[PDB]
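> Next up is a structure, given as structure tokens.
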Amino acid sequence: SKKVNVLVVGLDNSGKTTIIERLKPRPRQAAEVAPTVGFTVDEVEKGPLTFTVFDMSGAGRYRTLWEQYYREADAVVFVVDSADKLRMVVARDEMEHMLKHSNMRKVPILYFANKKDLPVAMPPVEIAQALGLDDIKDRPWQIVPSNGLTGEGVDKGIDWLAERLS
Amino acid sequence: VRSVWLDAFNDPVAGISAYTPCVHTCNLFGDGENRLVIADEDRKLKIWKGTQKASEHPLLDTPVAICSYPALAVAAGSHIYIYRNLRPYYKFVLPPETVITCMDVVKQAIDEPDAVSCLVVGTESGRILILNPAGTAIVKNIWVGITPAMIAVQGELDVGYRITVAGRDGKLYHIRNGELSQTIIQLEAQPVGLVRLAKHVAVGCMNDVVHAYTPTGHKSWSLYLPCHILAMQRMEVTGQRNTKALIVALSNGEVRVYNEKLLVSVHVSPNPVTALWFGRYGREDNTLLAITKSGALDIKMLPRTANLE
Ligand SMILES: Nc1nc2c(ncn2[C@@H]2O[C@H](COP(=O)(O)OP(=O)(O)OP(=O)(O)O)[C@@H](O)[C@H]2O)c(=O)[nH]1
Ligand SMILES: [Mg+2]
Ligand SMILES: [Pb+2]
Ligand SMILES: [Pb+2]
Ligand SMILES: [Pb+2]
Ligand SMILES: [Pb+2]
């Protein structure tokens, strides 16, 4: 196989932890998933690629830790709670601080507009406006609305990322 | 210098008509995501969650101020309707024949967020009442001569606690550990707002000057302002940054953030801001909630990496 590092960041309560579970085998999956504490290294295989996945906390306190993994990251999955319009700018700021950081290389970023299933959810196009994804012009990036409960769209995304990773 | 804030979200056509004391945020529904609580001039109690209005409610009287100890507790006339979670629960009333002028909270033990807390009431009669951690019973009654106009509670009820009291007679009284201090300050003009900062209290007198005062009486600094003070509020950032700032909104439309003496941020809201709240709202800890004279709801949030040094 081929081993790659995927950093999964994004604000707290976005469904970072849940989205990764839908990449785990149906029996391996967890019932209730709990607010990630500190961070977690997991593994996922997909085809000829084996993803070494770092699930960080997005809590205020822990946001300081993502920079610890920027240097190594080969791809980043950024997660946004599509119904949480309020903290959108905050997600933008953190996203920017990441891209700016001199350790985060020009690796593929896949943005999950997660929680597509909610009534108040923001549409992928209105989100990429807020985070200003349109301005990112040096990296492969792609936004993909998802439902992490069901795994709806998760495949669509990971597949995209793996295409950039080959 | 410039504005330190992040522009969260704005609703120009909210229907909100409250000044600082009737606005509050807490964890009503315990599910972590805090809600905005407003005792509007509509004699209505509007409730905001996230970025849209959740419920409106009808209110018996037009309300003085609302706090939380969680149970929202509106004060008006002589009643204090303690709703809780969020359905009616009590109608505690002042014993002698009294009207309420201002109300705030004291931490009972922990001096930590979401701790045991006890309601604190000023009455036009001239008493300050501290109540049971339940709210059921009056715990302390300290009588002081002047009419209370606004108050700031700094400390913890068991360890040590001080309350600074803005009298309508343009004077500052102090109460340390239940005992009423003899140090009384002659303010320059009538008090407009009163904030607890780090090592001292800040008054905004009507003549557009914020004064910083030590309980001993010392005048730490003075902020002389280009316009008129409409609202003042404590901005308490915890963490590595650990600063207890002061927010002033002026009728010229600017809102300024002072780190002790030093001006750290200024921005200008389209309309003069009549109510300021800074706290956790939603899932972000450092959020500036602003209610304009035009009834708009403006929400901003302090970046993780902003310095106030
Ligand atoms: N409606 C809906 N709920 C979701 C979705 N994804 C996750 N949730 C739930 O909403 C909450 C989000 O929890 P987490 O997945 O742990 O949030 P996180 O992104 O991992 O961030 P951390 O707090 O740092 O662990 C949990 O209740 C989730 O299981 C979704 O796609 N739709
Ligand atoms: Mg997580
Ligand atoms: Pb697939
Ligand atoms: Pb009011
Ligand atoms: Pb209050
Ligand atoms: Pb003054």
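Residue names in the structure tokens use chain letters A, B, ... in the order shown, residue numbers from 1 in each chain, and ligand numbers from 1 in the order shown.
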Which chain A residues are at most 8 Å from chain B (counting only C-alpha atoms), as a ChimeraX atom specification?
/A:60,84-90,93
> Which residues are near ligand 1 - at most 7 Å, using only C-alpha atoms and all ligand atoms? Format: as a PyMOL selection string.
chain A and resi 10-19+32-36+56-59+79+114-118+146-149
> For ligand 5, which of B:34, B:183, B:233, B:190 is the closest residue, counting only C-alpha atoms and all ligand atoms?
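Using only C-alpha atoms and all ligand atoms, the shortest distance to ligand 5 belongs to B:233.
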> List the neighbours of residue 133 in chain A out to 10 Å using only C-alpha atoms; skip same-chain residues closer than 2 positions along the sequence, and give me the result as an mmCIF file with C-alpha atoms, in the first residue's frame.

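In the end it all went to result.cif:
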data_model
loop_
_atom_site.group_PDB
_atom_site.id
_atom_site.type_symbol
_atom_site.label_atom_id
_atom_site.label_comp_id
_atom_site.auth_asym_id
_atom_site.auth_seq_id
_atom_site.Cartn_x
_atom_site.Cartn_y
_atom_site.Cartn_z
ATOM 1 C CA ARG A 92 -13.079 31.013 8.212
ATOM 2 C CA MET A 95 -9.138 27.985 8.151
ATOM 3 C CA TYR A 111 -14.325 20.687 2.725
ATOM 4 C CA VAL A 125 -22.395 27.483 -2.541
ATOM 5 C CA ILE A 127 -20.762 28.289 2.529
ATOM 6 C CA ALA A 128 -17.830 28.494 0.085
ATOM 7 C CA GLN A 129 -18.759 32.195 -0.011
ATOM 8 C CA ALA A 130 -18.383 32.606 3.766
ATOM 9 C CA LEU A 131 -15.088 30.737 4.091
ATOM 10 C CA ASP A 135 -9.966 32.785 -3.317
ATOM 11 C CA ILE A 136 -7.922 29.584 -2.644
ATOM 12 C CA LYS A 137 -6.064 29.240 -5.921
ATOM 13 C CA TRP A 141 -9.856 21.876 -3.025
ATOM 14 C CA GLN A 142 -13.463 20.729 -3.286
ATOM 15 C CA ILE A 143 -16.594 21.220 -1.195
#
> Can you build me a table of chain A residues sitting at most 10 Å from ligand 3, with the closest atom pair per residue and its distance in Å to one decimal, using only C-alpha atoms and all ligand atoms, sorted by chain and residue number, as JSON lines?

{"residue": "A:46", "atom": "CA", "partner": "ligand 3", "partner_atom_place_in_ligand_line": "1 (Pb)", "distance": 8.8}
{"residue": "A:47", "atom": "CA", "partner": "ligand 3", "partner_atom_place_in_ligand_line": "1 (Pb)", "distance": 9.8}
{"residue": "A:153", "atom": "CA", "partner": "ligand 3", "partner_atom_place_in_ligand_line": "1 (Pb)", "distance": 9.3}
{"residue": "A:154", "atom": "CA", "partner": "ligand 3", "partner_atom_place_in_ligand_line": "1 (Pb)", "distance": 8.6}
{"residue": "A:155", "atom": "CA", "partner": "ligand 3", "partner_atom_place_in_ligand_line": "1 (Pb)", "distance": 4.8}
{"residue": "A:156", "atom": "CA", "partner": "ligand 3", "partner_atom_place_in_ligand_line": "1 (Pb)", "distance": 6.3}
{"residue": "A:157", "atom": "CA", "partner": "ligand 3", "partner_atom_place_in_ligand_line": "1 (Pb)", "distance": 8.6}
{"residue": "A:158", "atom": "CA", "partner": "ligand 3", "partner_atom_place_in_ligand_line": "1 (Pb)", "distance": 7.6}
{"residue": "A:159", "atom": "CA", "partner": "ligand 3", "partner_atom_place_in_ligand_line": "1 (Pb)", "distance": 5.7}
{"residue": "A:160", "atom": "CA", "partner": "ligand 3", "partner_atom_place_in_ligand_line": "1 (Pb)", "distance": 9.1}
> Let me see the file: selected residues, N, CA, C and O atoms, as a JSON list (two decimals), in the first residue's frame.

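Printed below is again33.json as written:
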[["chain", "number", "residue", "atom", "x", "y", "z"],
["A", 46, "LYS", "N", -8.24, 2.81, 2.00],
["A", 46, "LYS", "CA", -9.12, 2.98, 0.85],
["A", 46, "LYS", "C", -8.32, 2.68, -0.41],
["A", 46, "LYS", "O", -7.55, 3.51, -0.88],
["A", 47, "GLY", "N", -8.55, 1.50, -0.98],
["A", 47, "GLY", "CA", -7.83, 1.10, -2.17],
["A", 47, "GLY", "C", -6.36, 1.01, -1.85],
["A", 47, "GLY", "O", -6.01, 0.62, -0.75],
["A", 153, "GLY", "N", -22.60, 11.04, 1.18],
["A", 153, "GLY", "CA", -21.63, 11.97, 0.64],
["A", 153, "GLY", "C", -20.20, 11.81, 1.10],
["A", 153, "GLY", "O", -19.28, 12.27, 0.42],
["A", 154, "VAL", "N", -20.01, 11.17, 2.25],
["A", 154, "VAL", "CA", -18.68, 10.94, 2.78],
["A", 154, "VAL", "C", -17.82, 10.23, 1.74],
["A", 154, "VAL", "O", -16.67, 10.60, 1.52],
["A", 155, "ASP", "N", -18.42, 9.27, 1.05],
["A", 155, "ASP", "CA", -17.70, 8.49, 0.04],
["A", 155, "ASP", "C", -17.29, 9.39, -1.10],
["A", 155, "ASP", "O", -16.16, 9.35, -1.56],
["A", 156, "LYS", "N", -18.25, 10.21, -1.52],
["A", 156, "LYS", "CA", -18.10, 11.14, -2.63],
["A", 156, "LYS", "C", -16.85, 11.97, -2.40],
["A", 156, "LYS", "O", -16.02, 12.14, -3.30],
["A", 157, "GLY", "N", -16.70, 12.44, -1.16],
["A", 157, "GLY", "CA", -15.56, 13.24, -0.78],
["A", 157, "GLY", "C", -14.23, 12.50, -0.75],
["A", 157, "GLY", "O", -13.29, 12.85, -1.49],
["A", 158, "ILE", "N", -14.14, 11.48, 0.10],
["A", 158, "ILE", "CA", -12.92, 10.69, 0.26],
["A", 158, "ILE", "C", -12.36, 10.21, -1.08],
["A", 158, "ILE", "O", -11.13, 10.21, -1.30],
["A", 159, "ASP", "N", -13.27, 9.81, -1.96],
["A", 159, "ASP", "CA", -12.92, 9.37, -3.30],
["A", 159, "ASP", "C", -12.24, 10.49, -4.06],
["A", 159, "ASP", "O", -11.26, 10.28, -4.76],
["A", 160, "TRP", "N", -12.77, 11.71, -3.89],
["A", 160, "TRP", "CA", -12.18, 12.86, -4.54],
["A", 160, "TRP", "C", -10.79, 13.09, -4.06],
["A", 160, "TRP", "O", -9.89, 13.35, -4.86]]
> Among range 40-144 of chain A, which ones does DSSP assign to strand (DSSP E or B) (computed from the backbone)? Answer as a list in words.
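Put together, the selection reads residues 40, 41, 42, 43, 44, 45, 46, 49, 50, 51, 52, 53, 54, 55, 56, 75, 76, 77, 78, 79, 109, 110, 111, 112, 113, 141, 142, 143 and 144 of chain A.
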> Would you save the residues from that selection as a PDB file, in the first residue's frame, using C-alpha atoms?

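Dumped to selection-v7.pdb:
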ATOM      1  CA  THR A  40      -7.048  10.727  18.162  1.00  0.00           C
ATOM      2  CA  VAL A  41      -4.980   8.874  15.638  1.00  0.00           C
ATOM      3  CA  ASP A  42      -6.994   6.343  13.660  1.00  0.00           C
ATOM      4  CA  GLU A  43      -6.450   4.419  10.408  1.00  0.00           C
ATOM      5  CA  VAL A  44      -8.523   3.872   7.319  1.00  0.00           C
ATOM      6  CA  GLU A  45      -7.676   1.953   4.206  1.00  0.00           C
ATOM      7  CA  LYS A  46      -9.125   2.976   0.853  1.00  0.00           C
ATOM      8  CA  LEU A  49      -3.933   4.216  -0.182  1.00  0.00           C
ATOM      9  CA  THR A  50      -3.852   3.884   3.598  1.00  0.00           C
ATOM     10  CA  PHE A  51      -4.997   7.041   5.368  1.00  0.00           C
ATOM     11  CA  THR A  52      -3.399   7.793   8.690  1.00  0.00           C
ATOM     12  CA  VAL A  53      -6.208  10.012  10.055  1.00  0.00           C
ATOM     13  CA  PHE A  54      -5.732  12.564  12.859  1.00  0.00           C
ATOM     14  CA  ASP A  55      -9.049  13.610  14.414  1.00  0.00           C
ATOM     15  CA  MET A  56      -8.457  16.840  16.343  1.00  0.00           C
ATOM     16  CA  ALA A  75      -4.207  16.332   2.866  1.00  0.00           C
ATOM     17  CA  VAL A  76      -6.720  18.079   5.072  1.00  0.00           C
ATOM     18  CA  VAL A  77     -10.384  17.471   5.641  1.00  0.00           C
ATOM     19  CA  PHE A  78     -12.113  20.626   6.842  1.00  0.00           C
ATOM     20  CA  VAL A  79     -15.524  20.153   8.426  1.00  0.00           C
ATOM     21  CA  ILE A 109      -8.235  20.364   1.167  1.00  0.00           C
ATOM     22  CA  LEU A 110     -11.595  18.644   1.074  1.00  0.00           C
ATOM     23  CA  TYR A 111     -14.325  20.687   2.725  1.00  0.00           C
ATOM     24  CA  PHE A 112     -17.308  18.792   4.065  1.00  0.00           C
ATOM     25  CA  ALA A 113     -20.374  20.920   4.245  1.00  0.00           C
ATOM     26  CA  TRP A 141      -9.856  21.876  -3.025  1.00  0.00           C
ATOM     27  CA  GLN A 142     -13.463  20.729  -3.286  1.00  0.00           C
ATOM     28  CA  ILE A 143     -16.594  21.220  -1.195  1.00  0.00           C
ATOM     29  CA  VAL A 144     -19.014  18.275  -0.739  1.00  0.00           C
TER      30      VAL A 144
END
> Could you pull the residues within 10 Å of range 249-262 of chain B, counting only C-alpha atoms, minus those fewer than 4 positions along the same chain, as a CSV table (one decimal) with C-alpha atoms, in the first residue's frame?

chain,number,residue,atom,x,y,z
B,1,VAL,CA,-6.5,51.6,16.4
B,2,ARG,CA,-8.6,49.4,14.0
B,3,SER,CA,-11.4,46.9,14.9
B,4,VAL,CA,-10.2,43.6,16.7
B,197,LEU,CA,-12.8,45.3,36.1
B,198,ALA,CA,-9.6,43.7,37.3
B,199,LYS,CA,-8.4,45.7,40.2
B,200,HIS,CA,-11.1,48.4,40.3
B,202,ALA,CA,-15.3,51.8,36.3
B,208,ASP,CA,-18.6,61.6,29.0
B,212,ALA,CA,-11.5,53.9,37.3
B,220,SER,CA,-6.5,54.9,38.7
B,221,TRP,CA,-7.2,56.3,35.2
B,222,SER,CA,-9.9,58.4,33.4
B,223,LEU,CA,-11.1,57.9,29.9
B,225,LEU,CA,-14.7,60.5,25.4
B,226,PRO,CA,-15.4,62.3,22.2
B,227,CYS,CA,-19.1,61.6,22.4
B,228,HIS,CA,-21.8,60.5,24.7
B,229,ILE,CA,-21.7,57.2,26.6
B,230,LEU,CA,-24.8,55.1,25.7
B,231,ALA,CA,-23.6,51.7,27.1
B,232,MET,CA,-20.7,50.2,29.1
B,233,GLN,CA,-20.0,46.5,29.5
B,234,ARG,CA,-17.3,44.1,31.0
B,235,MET,CA,-15.4,42.1,28.4
B,243,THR,CA,-7.7,40.5,30.3
B,244,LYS,CA,-10.6,42.3,31.9
B,245,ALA,CA,-11.5,44.9,29.3
B,266,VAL,CA,-12.9,50.5,17.8
B,267,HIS,CA,-15.6,49.8,15.3
B,268,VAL,CA,-18.7,51.8,14.4
B,269,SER,CA,-22.2,50.3,14.3
B,270,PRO,CA,-24.6,51.9,11.7
B,271,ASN,CA,-26.8,52.9,14.6
B,272,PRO,CA,-26.0,53.8,18.2
B,273,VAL,CA,-25.8,50.6,20.3
B,274,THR,CA,-28.1,50.7,23.3
B,275,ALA,CA,-27.2,47.3,24.8
B,276,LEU,CA,-24.0,45.4,25.1
B,290,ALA,CA,-25.0,44.4,20.3
B,292,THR,CA,-28.8,49.0,18.2
B,293,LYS,CA,-31.2,52.0,18.7
B,308,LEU,CA,-5.3,43.0,23.6
B,309,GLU,CA,-1.9,42.9,25.5
> Residues of chain B that approach ligand 6 to 6 Å or less, counting only C-alpha atoms and all ligand atoms: could you list each one with the shortest pair of atoms and its distance in Å to one decimal, rows by chain and increasing residue number, as JSON lines?

{"residue": "B:188", "atom": "CA", "partner": "ligand 6", "partner_atom_place_in_ligand_line": "1 (Pb)", "distance": 5.5}
{"residue": "B:204", "atom": "CA", "partner": "ligand 6", "partner_atom_place_in_ligand_line": "1 (Pb)", "distance": 5.4}
{"residue": "B:205", "atom": "CA", "partner": "ligand 6", "partner_atom_place_in_ligand_line": "1 (Pb)", "distance": 3.9}
{"residue": "B:209", "atom": "CA", "partner": "ligand 6", "partner_atom_place_in_ligand_line": "1 (Pb)", "distance": 3.9}
{"residue": "B:210", "atom": "CA", "partner": "ligand 6", "partner_atom_place_in_ligand_line": "1 (Pb)", "distance": 4.9}
{"residue": "B:211", "atom": "CA", "partner": "ligand 6", "partner_atom_place_in_ligand_line": "1 (Pb)", "distance": 5.2}
> Would you mind exporting the chosen residues as a PDB file, in the first residue's frame, restricted to N, CA and C atoms?

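Printed below is part_2.pdb as written:
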ATOM      1  N   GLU B 188     -18.410  63.008  39.506  1.00  0.00           N
ATOM      2  CA  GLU B 188     -18.436  64.335  38.900  1.00  0.00           C
ATOM      3  C   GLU B 188     -19.793  64.750  38.374  1.00  0.00           C
ATOM      4  N   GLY B 204     -19.134  55.439  34.377  1.00  0.00           N
ATOM      5  CA  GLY B 204     -19.251  56.409  33.310  1.00  0.00           C
ATOM      6  C   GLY B 204     -20.178  57.518  33.768  1.00  0.00           C
ATOM      7  N   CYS B 205     -19.618  58.686  34.039  1.00  0.00           N
ATOM      8  CA  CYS B 205     -20.435  59.804  34.472  1.00  0.00           C
ATOM      9  C   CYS B 205     -21.068  60.422  33.211  1.00  0.00           C
ATOM     10  N   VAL B 209     -17.021  60.880  30.712  1.00  0.00           N
ATOM     11  CA  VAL B 209     -15.730  60.458  31.218  1.00  0.00           C
ATOM     12  C   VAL B 209     -15.910  59.219  32.072  1.00  0.00           C
ATOM     13  N   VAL B 210     -15.195  58.165  31.683  1.00  0.00           N
ATOM     14  CA  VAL B 210     -15.148  56.936  32.445  1.00  0.00           C
ATOM     15  C   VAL B 210     -14.070  57.125  33.509  1.00  0.00           C
ATOM     16  N   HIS B 211     -14.406  56.864  34.764  1.00  0.00           N
ATOM     17  CA  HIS B 211     -13.408  56.894  35.818  1.00  0.00           C
ATOM     18  C   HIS B 211     -13.149  55.508  36.378  1.00  0.00           C
TER      19      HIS B 211
END
> For range 24-31 of chain B, find every residue with an atom within 10 Å (counting only C-alpha atoms), except residues of its own chain fewer than 2 positions away, and show them as a ChimeraX atom specification.
/B:20-22,33-39,47-49,65-72,84-86,114,275-282,289
> Find, counting only C-alpha atoms, the residue in B:125, B:108, B:136, B:181 that gets nearest to residue 158 in chain B.
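The shortest atom-to-atom distance to residue 158 in chain B comes from B:108.
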> May I ask you to write as a list in words all residues lying at most 6 Å from ligand 4, with only C-alpha atoms and all ligand atoms counted?
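Residues lying within 6 Å of ligand 4: residues 18, 22, 39, 40, 41, 63 and 64 of chain B.
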> Could you check the closest approach to residue 65 in chain A for each of A:6, A:162, A:98, A:30 and tell me which residue wins, using only C-alpha atoms?
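Closest to residue 65 in chain A, using only C-alpha atoms: A:98.
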> Have a look at B:102, B:264, B:163, B:80 and name the one nearest to ligand 5; count only C-alpha atoms and all ligand atoms.
B:102
> Env of residue 164 in chain B: 12 Å cut, atoms = only C-alpha atoms, seq-sep filter 4 positions within chain, self excluded. Answer as an mmCIF file with N, CA, C and O atoms, in the first residue's frame.

data_model
loop_
_atom_site.group_PDB
_atom_site.id
_atom_site.type_symbol
_atom_site.label_atom_id
_atom_site.label_comp_id
_atom_site.auth_asym_id
_atom_site.auth_seq_id
_atom_site.Cartn_x
_atom_site.Cartn_y
_atom_site.Cartn_z
ATOM 1 N N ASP B 104 -28.396 42.052 40.134
ATOM 2 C CA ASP B 104 -27.219 41.348 39.634
ATOM 3 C C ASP B 104 -26.982 40.055 40.407
ATOM 4 O O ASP B 104 -27.750 39.709 41.295
ATOM 5 N N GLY B 122 -31.359 45.395 44.388
ATOM 6 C CA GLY B 122 -31.435 46.725 44.953
ATOM 7 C C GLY B 122 -32.861 47.222 44.860
ATOM 8 O O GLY B 122 -33.538 47.054 43.844
ATOM 9 N N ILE B 128 -29.920 46.353 49.903
ATOM 10 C CA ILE B 128 -29.402 45.369 48.962
ATOM 11 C C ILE B 128 -29.603 43.986 49.539
ATOM 12 O O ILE B 128 -29.092 43.664 50.610
ATOM 13 N N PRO B 148 -30.258 53.013 44.868
ATOM 14 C CA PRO B 148 -29.296 52.359 43.977
ATOM 15 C C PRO B 148 -29.670 52.561 42.517
ATOM 16 O O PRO B 148 -30.817 52.323 42.168
ATOM 17 N N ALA B 149 -28.733 53.021 41.692
ATOM 18 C CA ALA B 149 -28.993 53.176 40.258
ATOM 19 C C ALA B 149 -28.422 52.028 39.398
ATOM 20 O O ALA B 149 -29.048 51.592 38.429
ATOM 21 N N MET B 150 -27.250 51.523 39.769
ATOM 22 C CA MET B 150 -26.727 50.307 39.158
ATOM 23 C C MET B 150 -25.619 49.739 40.043
ATOM 24 O O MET B 150 -25.018 50.464 40.840
ATOM 25 N N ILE B 151 -25.357 48.441 39.917
ATOM 26 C CA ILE B 151 -24.386 47.784 40.793
ATOM 27 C C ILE B 151 -23.504 46.760 40.094
ATOM 28 O O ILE B 151 -23.886 46.156 39.091
ATOM 29 N N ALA B 152 -22.315 46.575 40.650
ATOM 30 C CA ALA B 152 -21.374 45.603 40.137
ATOM 31 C C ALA B 152 -20.926 44.669 41.250
ATOM 32 O O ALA B 152 -20.447 45.120 42.294
ATOM 33 N N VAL B 153 -21.096 43.369 41.029
ATOM 34 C CA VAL B 153 -20.664 42.379 41.999
ATOM 35 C C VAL B 153 -19.341 41.790 41.520
ATOM 36 O O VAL B 153 -19.231 41.342 40.375
ATOM 37 N N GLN B 154 -18.329 41.853 42.384
ATOM 38 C CA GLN B 154 -17.019 41.258 42.110
ATOM 39 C C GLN B 154 -16.592 40.321 43.251
ATOM 40 O O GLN B 154 -16.405 40.765 44.383
ATOM 41 N N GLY B 155 -16.445 39.028 42.958
ATOM 42 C CA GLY B 155 -15.946 38.082 43.942
ATOM 43 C C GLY B 155 -16.737 36.793 44.084
ATOM 44 O O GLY B 155 -17.412 36.353 43.152
ATOM 45 N N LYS B 171 -23.106 59.388 43.737
ATOM 46 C CA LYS B 171 -22.099 58.894 44.669
ATOM 47 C C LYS B 171 -21.889 57.370 44.611
ATOM 48 O O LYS B 171 -22.790 56.602 44.253
ATOM 49 N N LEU B 172 -20.665 56.963 44.944
ATOM 50 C CA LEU B 172 -20.242 55.567 44.924
ATOM 51 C C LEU B 172 -20.049 55.018 46.330
ATOM 52 O O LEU B 172 -19.277 55.558 47.120
ATOM 53 N N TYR B 173 -20.772 53.957 46.642
ATOM 54 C CA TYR B 173 -20.662 53.316 47.938
ATOM 55 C C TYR B 173 -20.048 51.934 47.769
ATOM 56 O O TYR B 173 -20.175 51.326 46.709
ATOM 57 N N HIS B 174 -19.362 51.437 48.788
ATOM 58 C CA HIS B 174 -18.758 50.112 48.682
ATOM 59 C C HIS B 174 -19.249 49.179 49.796
ATOM 60 O O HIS B 174 -19.468 49.623 50.920
ATOM 61 N N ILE B 175 -19.458 47.901 49.478
ATOM 62 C CA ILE B 175 -19.774 46.889 50.498
ATOM 63 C C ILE B 175 -18.860 45.656 50.355
ATOM 64 O O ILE B 175 -19.005 44.873 49.411
ATOM 65 N N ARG B 176 -17.939 45.479 51.306
ATOM 66 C CA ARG B 176 -17.008 44.343 51.310
ATOM 67 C C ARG B 176 -17.388 43.313 52.374
ATOM 68 O O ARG B 176 -17.432 43.618 53.571
ATOM 69 N N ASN B 177 -17.642 42.090 51.920
ATOM 70 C CA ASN B 177 -18.021 40.985 52.790
ATOM 71 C C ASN B 177 -19.238 41.269 53.659
ATOM 72 O O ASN B 177 -19.198 41.068 54.868
ATOM 73 N N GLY B 178 -20.304 41.779 53.048
ATOM 74 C CA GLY B 178 -21.558 41.982 53.749
ATOM 75 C C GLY B 178 -21.563 43.235 54.597
ATOM 76 O O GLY B 178 -22.611 43.737 54.994
ATOM 77 N N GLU B 179 -20.377 43.749 54.882
ATOM 78 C CA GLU B 179 -20.259 44.949 55.688
ATOM 79 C C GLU B 179 -20.189 46.156 54.762
ATOM 80 O O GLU B 179 -19.461 46.133 53.769
ATOM 81 N N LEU B 180 -20.953 47.200 55.080
ATOM 82 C CA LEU B 180 -20.995 48.418 54.260
ATOM 83 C C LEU B 180 -19.856 49.404 54.576
ATOM 84 O O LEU B 180 -19.788 49.970 55.670
ATOM 85 N N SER B 181 -18.956 49.590 53.612
ATOM 86 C CA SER B 181 -17.766 50.421 53.800
ATOM 87 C C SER B 181 -18.085 51.897 54.045
ATOM 88 O O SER B 181 -19.115 52.402 53.610
ATOM 89 N N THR B 183 -16.021 54.327 52.983
ATOM 90 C CA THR B 183 -15.434 55.091 51.880
ATOM 91 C C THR B 183 -16.496 55.419 50.833
ATOM 92 O O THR B 183 -17.049 54.510 50.204
ATOM 93 N N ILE B 184 -16.794 56.706 50.657
ATOM 94 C CA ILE B 184 -17.821 57.120 49.701
ATOM 95 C C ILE B 184 -17.286 58.157 48.708
ATOM 96 O O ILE B 184 -16.744 59.184 49.118
ATOM 97 N N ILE B 185 -17.462 57.904 47.410
ATOM 98 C CA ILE B 185 -16.860 58.753 46.378
ATOM 99 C C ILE B 185 -17.811 59.780 45.775
ATOM 100 O O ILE B 185 -18.974 59.490 45.489
ATOM 101 N N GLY B 193 -23.098 54.107 33.798
ATOM 102 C CA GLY B 193 -22.837 52.676 33.796
ATOM 103 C C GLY B 193 -21.726 52.328 34.760
ATOM 104 O O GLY B 193 -20.872 53.165 35.034
ATOM 105 N N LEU B 194 -21.695 51.081 35.218
ATOM 106 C CA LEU B 194 -20.749 50.672 36.245
ATOM 107 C C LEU B 194 -20.248 49.263 36.024
ATOM 108 O O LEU B 194 -20.979 48.312 36.175
ATOM 109 N N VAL B 195 -18.971 49.135 35.710
ATOM 110 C CA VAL B 195 -18.381 47.849 35.376
ATOM 111 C C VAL B 195 -17.313 47.377 36.363
ATOM 112 O O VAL B 195 -16.515 48.170 36.859
ATOM 113 N N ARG B 196 -17.287 46.078 36.637
ATOM 114 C CA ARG B 196 -16.234 45.539 37.473
ATOM 115 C C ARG B 196 -15.073 45.171 36.568
ATOM 116 O O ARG B 196 -15.228 44.443 35.585
ATOM 117 N N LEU B 197 -13.911 45.729 36.845
ATOM 118 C CA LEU B 197 -12.762 45.320 36.075
ATOM 119 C C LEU B 197 -11.870 44.471 36.937
ATOM 120 O O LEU B 197 -12.315 43.821 37.891
ATOM 121 N N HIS B 200 -10.278 47.214 40.023
ATOM 122 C CA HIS B 200 -11.064 48.417 40.342
ATOM 123 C C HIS B 200 -12.371 48.527 39.564
ATOM 124 O O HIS B 200 -12.585 47.780 38.607
ATOM 125 N N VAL B 201 -13.231 49.472 39.957
ATOM 126 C CA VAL B 201 -14.533 49.669 39.292
ATOM 127 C C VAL B 201 -14.508 50.872 38.354
ATOM 128 O O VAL B 201 -13.878 51.894 38.649
ATOM 129 N N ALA B 202 -15.197 50.752 37.224
ATOM 130 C CA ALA B 202 -15.263 51.836 36.252
ATOM 131 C C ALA B 202 -16.681 52.425 36.210
ATOM 132 O O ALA B 202 -17.648 51.691 36.018
ATOM 133 N N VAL B 203 -16.802 53.731 36.468
ATOM 134 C CA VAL B 203 -18.068 54.471 36.327
ATOM 135 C C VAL B 203 -18.015 55.348 35.081
ATOM 136 O O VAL B 203 -16.963 55.900 34.738
ATOM 137 N N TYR B 213 -11.960 53.408 39.668
ATOM 138 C CA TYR B 213 -11.870 53.630 41.118
ATOM 139 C C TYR B 213 -11.475 52.386 41.948
ATOM 140 O O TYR B 213 -12.076 51.314 41.802
ATOM 141 N N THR B 214 -10.477 52.527 42.823
ATOM 142 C CA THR B 214 -10.134 51.470 43.783
ATOM 143 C C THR B 214 -11.112 51.533 44.950
ATOM 144 O O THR B 214 -11.540 52.622 45.296
ATOM 145 N N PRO B 215 -11.462 50.385 45.573
ATOM 146 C CA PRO B 215 -12.413 50.429 46.699
ATOM 147 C C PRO B 215 -11.923 51.361 47.812
ATOM 148 O O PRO B 215 -12.710 51.894 48.598
ATOM 149 N N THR B 216 -10.610 51.534 47.880
ATOM 150 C CA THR B 216 -10.006 52.478 48.803
ATOM 151 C C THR B 216 -10.330 53.914 48.383
ATOM 152 O O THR B 216 -10.312 54.821 49.200
ATOM 153 N N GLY B 217 -10.620 54.112 47.100
ATOM 154 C CA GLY B 217 -10.995 55.418 46.585
ATOM 155 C C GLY B 217 -10.111 56.018 45.500
ATOM 156 O O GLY B 217 -10.538 56.926 44.790
#
> For ligand 5, which residue among B:93, B:120, B:13, B:100 is the nearest when counting only C-alpha atoms and all ligand atoms?
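Smallest distance to ligand 5 is found for B:120.
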> Between B:265, B:73, B:135, B:92, which one has atoms that come closest to ligand 5, using only C-alpha atoms and all ligand atoms?
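Distance minimum relative to ligand 5 lands on B:73.
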> Quick one: residues within 7 Å of residue 140 in chain B, only C-alpha atoms counted, chain neighbours fewer than 6 positions away excluded, as a ChimeraX atom specification?
/B:129-131
